[PDB]
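The structure appears below as structure tokens.
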Amino acid sequence: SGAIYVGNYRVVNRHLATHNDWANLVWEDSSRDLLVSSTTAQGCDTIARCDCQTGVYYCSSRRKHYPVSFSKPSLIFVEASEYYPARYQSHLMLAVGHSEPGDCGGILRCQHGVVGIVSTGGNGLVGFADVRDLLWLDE
Ligand SMILES: COc1ccncc1CC(=O)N1CCC[C@H](CCO)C1
Ligand SMILES: [Zn+2]
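Going by the authors' numbering, the sequence shown opens with residue 7, and the numbers climb by one from there.
In structure tokens:
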């Protein structure tokens, strides 16, 4: 689990969005596994505006933050799960690292701020949904 809190926005994995989130929907993209909902209080996370390919992510299944190199956001085939059929996930970044389903929501960060959140995994690879292109999160 986990979310990004920036301004009056809450960014979560779409497959983990609650009743409050869909009701207060700002934007969602199934192909990206992202959902943004409005919030009453102001958030304090800064979104990174960069092309960094190295950062640190939180892995709840290990209670540890791991440094990783990750690929640039792209269209990656993701195996079927209980949340989605087999499909190409867009704006996805992969790294060699540990992840489990309950690790979704874990933040990936570089020196510039929040890069994205854990979204997929399997076979010693962890996939992160990029949020750096969502410029409107800043306004
Ligand atoms: C972090 O997720 C891990 C990690 C390791 N084994 C499994 C998983 C779960 C996983 O990959 N998926 C289930 C939840 C939605 C995912 C698609 C999102 O577009 C697919
Ligand atoms: Zn950066």
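Even for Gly, the Cβ is constructed at its ideal location relative to N, Cα and C.
- By the neighbour-count definition (other C-beta atoms within 10 Å, threshold 16), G112 is a buried residue.
- In this structure, ligand 2 has a non-hydrogen atom nearer than 6 Å to the beta-carbon of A54.
- The three-state reading of DSSP puts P107 in helix, counting H, G and I together.
- Between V132 and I53, the C-beta gap is not smaller than 7 Å, which leaves the two residues out of contact.
- The beta carbon of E106 sits closer than 6 Å to those of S67, all from its chain and outside the five residues before and after it, given in chain order.
- Excluding sequence positions up to five before and after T60, its CB lies within less than 8 Å of the CB of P73, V74, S75, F76, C116, all in the same chain and listed in chain order.
- Under DSSP, the beta-bridge partners assigned to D35 are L40.
- In the same chain as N30, and ignoring 5 residues on each side of it, the C-beta atoms closer than 7 Å to its own belong to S43, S44, in chain order.
- Where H25 is concerned, the enclosing alpha helix (DSSP H) starts and stops at 25-29.
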